[PDB]
Amino acid sequence: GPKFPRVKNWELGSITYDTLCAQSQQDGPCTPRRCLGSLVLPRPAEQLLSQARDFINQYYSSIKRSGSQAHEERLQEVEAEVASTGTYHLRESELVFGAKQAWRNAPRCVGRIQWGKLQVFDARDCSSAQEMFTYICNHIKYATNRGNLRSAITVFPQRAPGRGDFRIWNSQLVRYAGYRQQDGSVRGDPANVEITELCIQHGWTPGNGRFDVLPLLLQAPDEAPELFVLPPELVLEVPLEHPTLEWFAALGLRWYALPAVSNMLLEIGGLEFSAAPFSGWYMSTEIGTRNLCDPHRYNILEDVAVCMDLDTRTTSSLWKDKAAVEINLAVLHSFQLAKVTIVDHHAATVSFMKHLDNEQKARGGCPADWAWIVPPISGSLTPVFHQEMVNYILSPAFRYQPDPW
Amino acid sequence: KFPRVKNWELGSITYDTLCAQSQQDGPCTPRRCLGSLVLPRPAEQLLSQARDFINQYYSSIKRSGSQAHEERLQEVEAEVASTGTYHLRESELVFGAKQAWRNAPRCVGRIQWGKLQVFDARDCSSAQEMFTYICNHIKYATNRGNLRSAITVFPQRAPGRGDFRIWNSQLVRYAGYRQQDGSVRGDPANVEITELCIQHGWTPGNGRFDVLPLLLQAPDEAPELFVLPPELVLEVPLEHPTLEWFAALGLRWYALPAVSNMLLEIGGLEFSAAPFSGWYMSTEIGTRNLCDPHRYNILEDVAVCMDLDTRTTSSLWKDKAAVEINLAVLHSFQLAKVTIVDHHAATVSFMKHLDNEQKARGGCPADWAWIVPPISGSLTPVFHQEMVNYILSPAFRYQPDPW
Ligand code: HEM
Ligand code: HEM
Ligand SMILES: N=C(Nc1cccc(CO[C@@H](CN)COCc2cccc(/N=C(/N)c3cccs3)c2)c1)c1cccs1
Ligand SMILES: N=C(Nc1cccc(CO[C@@H](CN)COCc2cccc(/N=C(/N)c3cccs3)c2)c1)c1cccs1
Ligand SMILES: C[C@H](O)[C@H](O)[C@H]1CNc2nc(N)[nH]c(=O)c2N1
Ligand SMILES: C[C@H](O)[C@H](O)[C@H]1CNc2nc(N)[nH]c(=O)c2N1
Ligand SMILES: [Zn+2]
C-alpha cells in the first residue's frame with residue numbers, strides 16, 4: 001500500500017491516505033514508545049528566512065503564480081528585508097491568506113467548513129491600548145451583527161526585536177467574573193478567578209453576581225495594561241429558557257452570543273502576532289455541556305436534575321445524562337428564539353465530515369484532534385466518532401503562548 | 001524526560017514512569033499522532049522476553065533472586081536453546097493472563113484485574129475438546145446472572161503447525177443475514193461469520209436475534225461447527241421502566257461478553273485461542289450495539305415511538321432516544337438480576353484504578369478515545385483526565401482472521 005498513514009471510517013468502511021502530513025515541519029508530543037495525544041498542553045536569523053520562504057511559496061501556490069517572476073521577486077524582497085532589519089512585513093493579501101490558512105490548519109476546530117469565510121481586520125497600525133480598545137469594539141460590533149454572527153479576526157502589530165508585545169490579557173473578549181468566596185467556593189465562573197483578581201488589582205470595582213461581564217486588560221508595548229469596560233449594549237447575551245419545562249427560565253441562567261478568543265498567538269511565515277483575537281459562533285455543547293455542567297465550571301447538573309425530580313442518589317438512573325440533554329436543548333431553543341447564530345453538535349459534525357472530504361481532494365488530508373472534535377455529549381451518535389483522524393502541526397498556526405504576567 | 005499527566009477537573013499532576021518499561025512501538029511518531037486508529041498498520045529475542053517475564057513473576061511473589069528463580073531461568077534457557085521454545089508453569093500462566101488484562105490500555109474495567117478465573121486448556125487436542133472447555137467456561141462465567149470474569153487458555157502457537165483458533169469474534173453473536181437488496185437482518189457486524197457458518201453446513205434462521213453456532217479449529221484442520229445449547233446462553237429481554245411500548249420493540253441482548261479472537265502473549269509465547277469474559281458496561285449495548293448506524297440502528301424507531309421531532313437535528317431527538325435506550329438496558333439487566341455496570345460507576349472505578357496503579361507501578365497505560373464512554377463523555381471524570389498510551393507485555397493483541 002501507500003507509505004502514508006491509512007485513515008479509516010468504521011461506519012462507512014471507507015479508506016483514505018493522508019499525504020498532507022508530509023508538509024509538517026513541526027513535531028508534536030508523540031513518539032513510537034508512547035502516545036501523548038490526550039494531553040491538552042503539548043510538549044531567529046536564517047531560521048526566520050526558511051519559515052518565510054515556505055509561507056511565500058504557500059501564498060504563491062494559492063494564487064497559482066508559483067515559480068513566476070512575481071514569486072521570485074517577493075522572495076528576494078523578503079530576504080533583503082530580513083538581511084537589513086532582522087525581520088520582514090506581510091503584504092495585506094498575504095496576511096488575509098495566512099489568517100484563513102491558520103484557521104484551516106487548526107486541528108481542534110470542528111467549524112472549519114467555514115474557513116474560507118473570514119473577515120480579516122488589519123490593525124497593524126495600532127499604537128496604543130486606547131486604540132486597541134476601539135479596534136476591539138469595532139470587531140465586536142461587526143462580528144455580532146445583531147445576532148447574525150460573522151467570523152472575524154483583528155490583527156495587531158507583530159512581535160518585534162527588543163520592543164514589548166501587544167497583548168490582550170483576557171482569554172476571551174467576553175468572560176464572566178469568578179469571585180472566590182469566604183467558604184472557598186466561587187460565585188460566577190471558576191475558570192475566570194485569576195483574570196477577575198487581576199482586574200481588581202488593576203483598579204476594577206468588582207460586582208457580585210453570577211454573570212458579571214469582565215473589563216478588558218489591554219497592553220501596548222512596554223506599558224502596564226489598561227482597563228477598559230465594554231459598553232453593555234455591545235455585549236449581546238441570551239437568557240436561557242426551555243421549550244417545555246417552564247421553570248427553567250426561573251433559574252436565571254444566560255450566556256453571551258459571541259465567542260471571541262483573545263489569548264492565542266497567530267504565527268505566519270515565522271512572524272508572530274501576539275494579539276490577534278478571532279471570533280465565530282458557538283457550538284451548543286460548548287455552552288450547554290462544558291460551560292454549564294463541568295464540575296469545575298458552573299456545575300448546574302444537580303440543580304437541574306433536582307428541578308426535573310430525578311433520582312440523584314444513584315448513577316444508574318442516568319440523572320446526569322437526562323439533565324445535560326435538557327440543558328443543551330434549552331441552549332439551542334433560547335439562541336434560536338433570540339435569532340442568534342448557534343450550531344448543534346449533530347449539524348456541526350456532519351459539516352465537519354463534509355470538510356474532511358473537501359480537504360482530502362484539495363490537500364490530501366486534514367489534521368484533526370479526535371479527542372477535541374468529538375463532542376462532549378452523545379459522542380458516538382455523531383459521524384466523527386467513527387472517523388479515524390491524523391493529528392499534526394502545519395503553519396500558519398494558532399498557538400498557545402505564555403500569560404503576560 | 002517522562003510525561004507530565006494532568007487532571008483538569010482537579011488540577012492535580014502525576015508523572016508516568018511506567019512507560020519507560022515499554023518495548024513495543026505504537027503507531028505514533030513526532031511528525032504525526034495516529035492514536036485514533038483502531039488497528040495497527042529468533043531464539044535470543046524469545047529468550048529475552050522469556051527472562052523478563054520470569055523476572056516479573058518472581059518479583060510478584062516477592063521471591064526475586066531466590067534459588068527457585070535462578071533454577072527457573074535455567075530451565076527456560078535450556079529449553080529454548082534445545083528446542084527454540086519453552087512452556088509456562090500453570091502458576092506463571094495465571095499471573096501472565098492477569099497481567100495482560102491489567103496492561104490493556106483500552107479496558108475501563110481494570111479495577112477488577114486481580115479477580116480472574118484462569119482455566120488451563122493447554123491439554124486440548126481436538127475441536128471437540130475445545131467445545132467442552134468453552135461450555136464449561138460459559139457455565140462458570142454466567143453463574144445464573146452473577147457474572148464472574150474468566151479466561152480459558154488453549155495450546156500455544158508452535159513453529160511447525162497451524163493455530164488453535166475460535167473463528168467467531170465472541171462466544172455469543174447474533175446472526176446477520178445479508179439481503180439481495182444489500183440491507184441486513186440481524187447484526188450487521190456479523191454478516192461475514194454468519195455466511196461462514198452457513199457455508200460450513202449450519203441451517204440458518206431468519207430472526208433479528210438468532211444466536212450463532214461456533215466455528216472451532218484444531219491445527220491445520222477445517223473448522224468444525226458446534227451449536228451452543230440454548231440453556232447455556234443467558235439473554236435479557238429489553239423493557240423500559242416507564243415507557244410501556246418499549247417492550248413491544250422485541251429487543252434483547254445476551255448477558256455474557258466473551259471475546260474470542262484476540263491473541264494472548266506471555267513471555268514471548270503466543271496463545272491464539274484464549275477467550276476471555278467479564279460483564280458489560282451498559283453503553284456497549286444501549287449506545288454502540290443498538291444505536292450505531294452500522295449496527296441495529298434503532299434510534300429512529302425509538303424516537304418515533306417517543307413522538308419526537310425527527311425533522312431537525314436541533315430537537316436533540318437522537319440524544320433523547322439514546323438516553324432512554326441506555327436506561328432500558330440498565331433497568332432490564334437489574335430486573336433479570338444480571339451483572340452490568342453503568343458508564344458513571346465504571347469510569348469512577350477506573351479513576352480509582354489509575355490512582356492504585358500510580359502507587360503500585362508509577363503509571364497506567366490508557367487509550368483516552370476508548371476509555372471515555374460514547375454518550376455523556378464530559379459528564380464522566382475520565383474525560384478530564386490526561387492519559388498516556390503505550391504497550392506493555394504480557395498483552396492481548398489483534399491477529400489475522402484465520403480464513
Ligand atoms: C464559524 C464558527 C465556528 C465554530 C462553530 C467553531 C467551533 C469550534 C469548537 C467547538 C472548538 C473547540 C472549543 C473548546 O472545546 O473550547 C474550536 C476550536 C478552535 N477553533 Fe473554531 N469554530 C468556529 C470558527 C473559528 C474561527 C473563526 C477560528 C479562527 C479564525 C477558529 C479557530 C479555532 C481554534 C484555533 C481552535 C482551537 C483552540 C485550542 O486549541 O485551544 N474557529 N472551534
Ligand atoms: C469485569 C468487567 C469488565 C468490564 C466492565 C470491562 C469493560 C471494557 C470495555 C467497555 C471495553 C471496551 C469494549 C468496546 O468498546 O468494544 C473493554 C476493552 C477491553 N477489555 Fe475489558 N472489561 C472487563 C473485564 C475484562 C476482562 C476479564 C478482560 C480480559 C481478561 C478484559 C480485557 C479487555 C481488553 C483486551 C479490551 C480491549 C479490546 C480491544 O482492544 O479491541 N476486560 N473493557
Ligand atoms: N492558556 C494556557 N493554558 C490553558 C489553560 C486552561 C485551558 C486551556 C485550553 O483552552 C481552552 C479553554 N478550555 C480555550 O477554549 C476556548 C475556545 C477556543 C477556541 C474556540 C472556542 N469556541 C468557539 N466556538 C470559537 C471561538 C472563536 C471562534 S469560534 C472556544 C489552556 C496557557 C498559558 C501558557 C501556555 S498554555
Ligand atoms: N479482525 C481484525 N480486528 C478488528 C476488526 C474490526 C474491529 C475490531 C475492534 O474490535 C472490537 C469490536 N468493535 C472488539 O470489541 C469487543 C469487545 C472487546 C473487549 C471488551 C468488550 N466488552 C466487554 N465488556 C468484555 C468482553 C470480555 C471481558 S469484558 C467487547 C478489530 C483485524 C483486521 C486486520 C488485522 S486484525
Ligand atoms: C484530557 C482531555 O484532553 C481534555 O479534557 C479535553 C478532551 N476534549 C476536549 N474537546 C474540546 N473540544 N474541548 C476541550 O476542552 C476538551 N478537553
Ligand atoms: C475511529 C475511532 O477511534 C473509533 O470509532 C473508536 C472510538 N472509541 C471507541 N471506544 C470504545 N470503547 N470502543 C470502540 O469501538 C471505539 N471506537
Ligand atoms: Zn499519538
# chains A, B, ... in the order shown; residues from 1 in each chain; ligands from 1

call {"tool": "interface_residues", "arguments": {"of": "chain A", "to": "chain B", "cutoff": "8 Å", "atoms": "only C-alpha atoms", "output": "PyMOL selection string"}}
result
chain A and resi 5-8+11-12+21+24-40+289-290+293-296+315-318+320-322+325+329+332+344+346-347+370-371+376-381+388-392

call {"tool": "residues_around", "arguments": {"residues": "residue 120 of chain A", "least_positions_apart": "5", "cutoff": "12 Å", "atoms": "only C-alpha atoms", "output": "list in words"}}
result
residues 92, 93, 94, 95, 96, 97, 98, 99, 100, 101, 103, 115, 139, 142, 143, 150, 151, 152, 153, 154, 155, 156, 276, 277, 278 and 279 of chain A

call {"tool": "select_by_dssp", "arguments": {"residues": "segment 62-199 of chain A", "states": "alpha helix (DSSP H)", "output": "tab-separated table (two decimals) with N, CA, C and O atoms, in the first residue's frame"}}
result
chain	number	residue	atom	x	y	z
A	62	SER	N	-1.32	29.39	-3.73
A	62	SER	CA	-2.75	29.62	-3.56
A	62	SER	C	-3.31	30.59	-4.61
A	62	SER	O	-4.51	30.61	-4.85
A	69	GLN	N	7.74	35.18	-11.87
A	69	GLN	CA	8.68	36.25	-11.63
A	69	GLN	C	8.23	37.11	-10.42
A	69	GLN	O	9.07	37.56	-9.64
A	70	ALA	N	6.92	37.28	-10.26
A	70	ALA	CA	6.39	37.98	-9.09
A	70	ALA	C	6.72	37.18	-7.81
A	70	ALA	O	7.03	37.77	-6.77
A	71	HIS	N	6.66	35.86	-7.92
A	71	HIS	CA	7.06	34.95	-6.83
A	71	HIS	C	8.54	35.08	-6.45
A	71	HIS	O	8.87	35.27	-5.27
A	72	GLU	N	9.44	35.00	-7.44
A	72	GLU	CA	10.88	35.10	-7.20
A	72	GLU	C	11.29	36.49	-6.67
A	72	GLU	O	12.21	36.61	-5.85
A	73	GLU	N	10.59	37.53	-7.11
A	73	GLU	CA	10.85	38.89	-6.65
A	73	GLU	C	10.40	39.11	-5.20
A	73	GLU	O	11.08	39.78	-4.42
A	74	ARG	N	9.26	38.53	-4.83
A	74	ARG	CA	8.83	38.62	-3.44
A	74	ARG	C	9.81	37.93	-2.49
A	74	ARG	O	10.09	38.46	-1.42
A	75	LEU	N	10.35	36.78	-2.89
A	75	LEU	CA	11.30	36.04	-2.06
A	75	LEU	C	12.54	36.91	-1.81
A	75	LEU	O	12.99	37.01	-0.67
A	76	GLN	N	13.04	37.54	-2.88
A	76	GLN	CA	14.20	38.44	-2.82
A	76	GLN	C	13.97	39.62	-1.89
A	76	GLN	O	14.84	39.96	-1.09
A	77	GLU	N	12.82	40.25	-2.07
A	77	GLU	CA	12.27	41.27	-1.18
A	77	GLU	C	12.31	40.88	0.31
A	77	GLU	O	12.79	41.64	1.15
A	78	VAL	N	11.76	39.70	0.61
A	78	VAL	CA	11.72	39.18	1.97
A	78	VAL	C	13.14	38.93	2.55
A	78	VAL	O	13.40	39.28	3.70
A	79	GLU	N	14.06	38.36	1.76
A	79	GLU	CA	15.44	38.15	2.27
A	79	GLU	C	16.25	39.42	2.45
A	79	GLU	O	16.99	39.54	3.43
A	80	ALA	N	16.08	40.38	1.54
A	80	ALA	CA	16.71	41.69	1.67
A	80	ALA	C	16.21	42.42	2.92
A	80	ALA	O	17.01	43.02	3.65
A	81	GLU	N	14.90	42.37	3.16
A	81	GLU	CA	14.33	42.98	4.35
A	81	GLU	C	14.83	42.29	5.63
A	81	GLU	O	15.15	42.96	6.62
A	82	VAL	N	14.90	40.96	5.62
A	82	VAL	CA	15.43	40.24	6.79
A	82	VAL	C	16.93	40.52	6.96
A	82	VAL	O	17.40	40.74	8.07
A	83	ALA	N	17.66	40.53	5.85
A	83	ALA	CA	19.09	40.83	5.85
A	83	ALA	C	19.40	42.18	6.49
A	83	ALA	O	20.35	42.28	7.26
A	84	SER	N	18.59	43.20	6.21
A	84	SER	CA	18.92	44.52	6.73
A	84	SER	C	18.26	44.87	8.07
A	84	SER	O	18.78	45.70	8.81
A	85	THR	N	17.12	44.24	8.39
A	85	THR	CA	16.36	44.64	9.58
A	85	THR	C	16.20	43.53	10.62
A	85	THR	O	15.71	43.78	11.73
A	92	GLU	N	-0.78	43.06	2.61
A	92	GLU	CA	-2.16	42.91	3.05
A	92	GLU	C	-2.76	41.55	2.64
A	92	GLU	O	-3.33	40.86	3.47
A	93	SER	N	-2.64	41.20	1.36
A	93	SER	CA	-3.25	39.97	0.87
A	93	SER	C	-2.59	38.73	1.46
A	93	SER	O	-3.24	37.69	1.63
A	94	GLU	N	-1.30	38.84	1.78
A	94	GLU	CA	-0.57	37.75	2.45
A	94	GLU	C	-1.07	37.52	3.88
A	94	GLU	O	-1.18	36.36	4.31
A	95	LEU	N	-1.39	38.60	4.60
A	95	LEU	CA	-1.98	38.49	5.95
A	95	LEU	C	-3.34	37.78	5.93
A	95	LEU	O	-3.60	36.89	6.77
A	96	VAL	N	-4.19	38.20	4.99
A	96	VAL	CA	-5.54	37.64	4.84
A	96	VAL	C	-5.41	36.14	4.55
A	96	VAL	O	-6.06	35.33	5.21
A	97	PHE	N	-4.58	35.80	3.56
A	97	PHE	CA	-4.32	34.39	3.24
A	97	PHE	C	-3.82	33.61	4.48
A	97	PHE	O	-4.28	32.49	4.78
A	98	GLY	N	-2.86	34.20	5.19
A	98	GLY	CA	-2.26	33.49	6.31
A	98	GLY	C	-3.23	33.26	7.45
A	98	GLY	O	-3.21	32.18	8.07
A	99	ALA	N	-4.08	34.24	7.75
A	99	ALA	CA	-5.05	34.11	8.82
A	99	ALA	C	-6.09	32.99	8.52
A	99	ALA	O	-6.43	32.20	9.41
A	100	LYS	N	-6.60	32.94	7.28
A	100	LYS	CA	-7.51	31.85	6.87
A	100	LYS	C	-6.82	30.49	6.93
A	100	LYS	O	-7.38	29.53	7.45
A	101	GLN	N	-5.58	30.42	6.44
A	101	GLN	CA	-4.82	29.20	6.50
A	101	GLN	C	-4.54	28.72	7.95
A	101	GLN	O	-4.57	27.53	8.23
A	102	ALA	N	-4.31	29.65	8.88
A	102	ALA	CA	-4.15	29.27	10.30
A	102	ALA	C	-5.40	28.62	10.89
A	102	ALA	O	-5.32	27.63	11.63
A	103	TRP	N	-6.56	29.15	10.55
A	103	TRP	CA	-7.82	28.55	10.94
A	103	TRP	C	-7.99	27.17	10.27
A	103	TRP	O	-8.27	26.17	10.96
A	104	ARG	N	-7.80	27.11	8.96
A	104	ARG	CA	-7.96	25.88	8.19
A	104	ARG	C	-7.01	24.81	8.76
A	104	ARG	O	-7.35	23.62	8.79
A	129	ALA	N	-3.06	51.33	23.74
A	129	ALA	CA	-4.08	50.48	24.36
A	129	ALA	C	-5.49	51.01	24.09
A	129	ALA	O	-6.42	50.23	23.87
A	130	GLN	N	-5.63	52.33	24.11
A	130	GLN	CA	-6.88	53.01	23.77
A	130	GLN	C	-7.33	52.65	22.35
A	130	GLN	O	-8.49	52.32	22.13
A	131	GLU	N	-6.41	52.71	21.38
A	131	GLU	CA	-6.73	52.31	20.02
A	131	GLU	C	-7.05	50.81	19.90
A	131	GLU	O	-7.92	50.42	19.10
A	132	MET	N	-6.36	49.96	20.66
A	132	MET	CA	-6.72	48.52	20.67
A	132	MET	C	-8.18	48.37	21.07
A	132	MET	O	-8.93	47.54	20.49
A	133	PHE	N	-8.59	49.16	22.06
A	133	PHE	CA	-9.97	49.11	22.54
A	133	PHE	C	-10.96	49.48	21.45
A	133	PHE	O	-11.93	48.76	21.24
A	134	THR	N	-10.70	50.58	20.74
A	134	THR	CA	-11.50	50.99	19.59
A	134	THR	C	-11.60	49.88	18.54
A	134	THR	O	-12.71	49.53	18.09
A	135	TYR	N	-10.45	49.32	18.16
A	135	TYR	CA	-10.44	48.19	17.23
A	135	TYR	C	-11.25	46.99	17.73
A	135	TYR	O	-12.00	46.35	16.95
A	136	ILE	N	-11.10	46.66	19.01
A	136	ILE	CA	-11.84	45.54	19.60
A	136	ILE	C	-13.37	45.80	19.60
A	136	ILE	O	-14.15	44.92	19.26
A	137	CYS	N	-13.79	47.03	19.97
A	137	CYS	CA	-15.21	47.40	19.91
A	137	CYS	C	-15.79	47.27	18.51
A	137	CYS	O	-16.88	46.72	18.33
A	138	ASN	N	-15.05	47.79	17.52
A	138	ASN	CA	-15.42	47.61	16.11
A	138	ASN	C	-15.56	46.16	15.67
A	138	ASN	O	-16.52	45.81	14.98
A	139	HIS	N	-14.60	45.31	16.07
A	139	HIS	CA	-14.66	43.86	15.81
A	139	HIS	C	-15.96	43.28	16.39
A	139	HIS	O	-16.71	42.59	15.69
A	140	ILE	N	-16.22	43.58	17.67
A	140	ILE	CA	-17.39	43.04	18.36
A	140	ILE	C	-18.67	43.47	17.66
A	140	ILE	O	-19.57	42.66	17.47
A	141	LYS	N	-18.75	44.74	17.27
A	141	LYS	CA	-19.93	45.24	16.54
A	141	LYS	C	-20.13	44.52	15.21
A	141	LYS	O	-21.22	44.02	14.89
A	142	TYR	N	-19.06	44.44	14.42
A	142	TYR	CA	-19.11	43.76	13.15
A	142	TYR	C	-19.51	42.28	13.29
A	142	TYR	O	-20.39	41.78	12.60
A	143	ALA	N	-18.84	41.58	14.21
A	143	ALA	CA	-18.98	40.12	14.34
A	143	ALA	C	-20.35	39.78	14.93
A	143	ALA	O	-20.93	38.76	14.57
A	144	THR	N	-20.86	40.63	15.81
A	144	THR	CA	-22.13	40.37	16.48
A	144	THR	C	-23.29	40.58	15.52
A	144	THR	O	-24.18	39.72	15.41
A	193	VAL	N	-11.26	33.01	37.73
A	193	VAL	CA	-10.85	33.55	39.04
A	193	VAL	C	-9.58	34.41	38.90
A	193	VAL	O	-9.47	35.53	39.43
A	194	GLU	N	-8.61	33.88	38.17
A	194	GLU	CA	-7.33	34.59	38.10
A	194	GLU	C	-7.48	35.92	37.39
A	194	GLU	O	-7.04	36.93	37.92
A	195	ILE	N	-8.10	35.91	36.21
A	195	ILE	CA	-8.29	37.17	35.44
A	195	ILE	C	-9.19	38.16	36.20
A	195	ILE	O	-8.98	39.37	36.12
A	196	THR	N	-10.17	37.65	36.95
A	196	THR	CA	-11.00	38.52	37.78
A	196	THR	C	-10.14	39.24	38.82
A	196	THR	O	-10.23	40.45	38.99
A	197	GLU	N	-9.30	38.49	39.51
A	197	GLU	CA	-8.43	39.07	40.54
A	197	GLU	C	-7.37	40.03	39.98
A	197	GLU	O	-6.97	40.97	40.65
A	198	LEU	N	-6.93	39.79	38.74
A	198	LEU	CA	-6.01	40.71	38.07
A	198	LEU	C	-6.69	42.05	37.76
A	198	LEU	O	-6.09	43.12	37.92
A	199	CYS	N	-7.95	41.96	37.32
A	199	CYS	CA	-8.78	43.13	37.03
A	199	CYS	C	-8.99	43.99	38.27
A	199	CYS	O	-8.90	45.22	38.20

call {"tool": "atom_distance", "arguments": {"atom1": "atom CA of residue 97 of chain B", "atom2": "atom CA of residue 228 of chain B"}}
result
25.6 Å

call {"tool": "select_by_dssp", "arguments": {"residues": "segment 10-247 of chain A", "states": "strand (DSSP E)", "output": "list in words"}}
result
residues 15, 16, 17, 119, 120, 121, 122, 152, 153, 154, 155, 167, 168, 178, 179, 180, 186, 187, 188, 216, 217, 218, 219, 226, 227, 228, 237, 238 and 239 of chain A

call {"tool": "residues_near_ligand", "arguments": {"ligand": "ligand 4", "cutoff": "8 Å", "atoms": "only C-alpha atoms and all ligand atoms", "output": "ChimeraX atom specification"}}
result
/B:38-40,107,109,149,169-170,256-259,261,276-281,284,398-401

call {"tool": "residues_around", "arguments": {"residues": "residue 61 of chain B", "least_positions_apart": "6", "cutoff": "12 Å", "atoms": "only C-alpha atoms", "output": "list in words"}}
result
residues 54, 55, 68, 69, 91, 92 and 95 of chain B

call {"tool": "write_last_selection", "arguments": {"atoms": "N, CA, C and O atoms", "output": "short mmCIF file (atom, residue, chain, number, x, y, z; two decimals), in the first residue's frame"}}
result
data_model
loop_
_atom_site.label_atom_id
_atom_site.label_comp_id
_atom_site.auth_asym_id
_atom_site.auth_seq_id
_atom_site.Cartn_x
_atom_site.Cartn_y
_atom_site.Cartn_z
N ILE B 54 9.79 -14.07 33.37
CA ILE B 54 10.07 -14.90 34.55
C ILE B 54 10.49 -13.97 35.71
O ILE B 54 10.14 -14.23 36.87
N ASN B 55 11.21 -12.90 35.38
CA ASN B 55 11.60 -11.88 36.35
C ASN B 55 10.39 -11.13 36.92
O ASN B 55 10.34 -10.84 38.11
N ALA B 68 14.89 -20.78 43.53
CA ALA B 68 13.75 -21.15 42.69
C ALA B 68 13.73 -20.28 41.43
O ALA B 68 13.45 -20.78 40.33
N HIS B 69 14.06 -19.00 41.60
CA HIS B 69 14.13 -18.04 40.50
C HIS B 69 15.26 -18.37 39.51
O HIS B 69 15.02 -18.47 38.31
N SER B 91 1.03 -21.74 37.34
CA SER B 91 1.01 -20.51 38.14
C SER B 91 1.54 -19.28 37.37
O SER B 91 1.08 -18.17 37.62
N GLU B 92 2.49 -19.48 36.45
CA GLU B 92 3.02 -18.38 35.63
C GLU B 92 1.97 -17.90 34.63
O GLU B 92 1.79 -16.70 34.40
N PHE B 95 -0.58 -15.78 36.48
CA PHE B 95 -0.01 -14.45 36.63
C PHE B 95 0.02 -13.66 35.30
O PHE B 95 -0.31 -12.46 35.25
#

call {"tool": "residues_around", "arguments": {"residues": "residue 52 of chain B", "least_positions_apart": "5", "cutoff": "9 Å", "atoms": "only C-alpha atoms", "output": "MDAnalysis selection string"}}
result
chainID B and resid 47 57 267

call {"tool": "write_last_selection", "arguments": {"atoms": "N, CA and C atoms", "output": "short mmCIF file (atom, residue, chain, number, x, y, z; two decimals), in the first residue's frame"}}
result
data_model
loop_
_atom_site.label_atom_id
_atom_site.label_comp_id
_atom_site.auth_asym_id
_atom_site.auth_seq_id
_atom_site.Cartn_x
_atom_site.Cartn_y
_atom_site.Cartn_z
N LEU B 47 14.21 -15.53 24.12
CA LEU B 47 14.88 -15.68 25.40
C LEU B 47 14.84 -14.43 26.29
N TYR B 57 7.24 -12.41 37.14
CA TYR B 57 6.64 -13.42 38.00
C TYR B 57 7.29 -13.58 39.39
N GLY B 267 5.44 -13.77 27.90
CA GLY B 267 6.85 -14.16 27.84
C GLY B 267 7.33 -14.57 26.47
#

call {"tool": "residues_around", "arguments": {"residues": "residue 3 of chain A", "least_positions_apart": "5", "cutoff": "10 Å", "atoms": "only C-alpha atoms", "output": "count of residues only"}}
result
3

call {"tool": "atom_distance", "arguments": {"atom1": "atom 22 (N, counted along the ligand's line) of ligand 2", "atom2": "atom CA of residue 216 of chain B"}}
result
24.1 Å

call {"tool": "atom_distance", "arguments": {"atom1": "atom 10 (O, counted along the ligand's line) of ligand 3", "atom2": "atom CA of residue 297 of chain A"}}
result
13.4 Å

call {"tool": "residues_near_ligand", "arguments": {"ligand": "ligand 3", "cutoff": "6 Å", "atoms": "only C-alpha atoms and all ligand atoms", "output": "JSON, numbers by chain"}}
result
{"A": [259, 260, 261, 278, 279, 280, 281, 282, 283, 400, 401, 402, 403]}

call {"tool": "write_last_selection", "arguments": {"atoms": "N, CA, C and O atoms", "output": "tab-separated table (two decimals), in the first residue's frame"}}
result
chain	number	residue	atom	x	y	z
A	259	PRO	N	-18.37	34.11	20.88
A	259	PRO	CA	-17.15	33.52	21.41
A	259	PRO	C	-15.97	34.13	20.68
A	259	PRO	O	-15.84	33.97	19.45
A	260	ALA	N	-15.12	34.83	21.42
A	260	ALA	CA	-14.04	35.57	20.80
A	260	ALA	C	-12.75	35.33	21.58
A	260	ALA	O	-12.56	35.90	22.65
A	261	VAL	N	-11.88	34.49	21.02
A	261	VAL	CA	-10.69	34.04	21.69
A	261	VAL	C	-9.60	35.08	21.51
A	261	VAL	O	-9.30	35.49	20.37
A	278	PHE	N	-9.89	36.40	17.54
A	278	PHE	CA	-10.71	35.85	16.47
A	278	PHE	C	-12.05	35.40	17.04
A	278	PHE	O	-12.14	34.99	18.20
A	279	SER	N	-13.09	35.44	16.23
A	279	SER	CA	-14.40	35.07	16.75
A	279	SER	C	-15.17	34.35	15.67
A	279	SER	O	-14.91	34.55	14.47
A	280	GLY	N	-16.14	33.52	16.08
A	280	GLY	CA	-17.02	32.85	15.13
A	280	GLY	C	-18.42	32.81	15.72
A	280	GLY	O	-19.02	33.84	15.97
A	281	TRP	N	-18.93	31.60	15.91
A	281	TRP	CA	-20.13	31.38	16.73
A	281	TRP	C	-19.97	30.09	17.53
A	281	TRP	O	-19.05	29.31	17.28
A	282	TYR	N	-20.85	29.89	18.50
A	282	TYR	CA	-20.83	28.72	19.37
A	282	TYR	C	-21.39	27.44	18.77
A	282	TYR	O	-22.35	27.45	18.00
A	283	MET	N	-20.78	26.32	19.14
A	283	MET	CA	-21.46	25.05	19.02
A	283	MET	C	-22.13	24.85	20.38
A	283	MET	O	-21.52	25.12	21.42
A	400	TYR	N	-0.67	28.38	21.48
A	400	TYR	CA	-0.74	28.91	22.83
A	400	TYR	C	0.51	29.71	23.11
A	400	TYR	O	1.54	29.47	22.50
A	401	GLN	N	0.42	30.66	24.04
A	401	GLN	CA	1.56	31.49	24.41
A	401	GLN	C	1.48	31.74	25.91
A	401	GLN	O	0.40	31.69	26.49
A	402	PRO	N	2.62	32.02	26.54
A	402	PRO	CA	2.54	32.18	27.99
A	402	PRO	C	1.80	33.45	28.39
A	402	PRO	O	1.76	34.44	27.63
A	403	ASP	N	1.18	33.39	29.56
A	403	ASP	CA	0.45	34.51	30.14
A	403	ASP	C	1.39	35.66	30.39
A	403	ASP	O	2.52	35.45	30.82

call {"tool": "residues_around", "arguments": {"residues": "residue 236 of chain A", "least_positions_apart": "5", "cutoff": "10 Å", "atoms": "only C-alpha atoms", "output": "PyMOL selection string"}}
result
chain A and resi 140-141+144-147+174+255-258+340

call {"tool": "closest_residue", "arguments": {"among": "B:393, B:64, B:83, B:283", "to": "ligand 2", "atoms": "only C-alpha atoms and all ligand atoms"}}
result
B:283

call {"tool": "closest_residue", "arguments": {"among": "B:101, B:174, B:53, B:226", "to": "residue 206 of chain B", "atoms": "only C-alpha atoms"}}
result
B:174
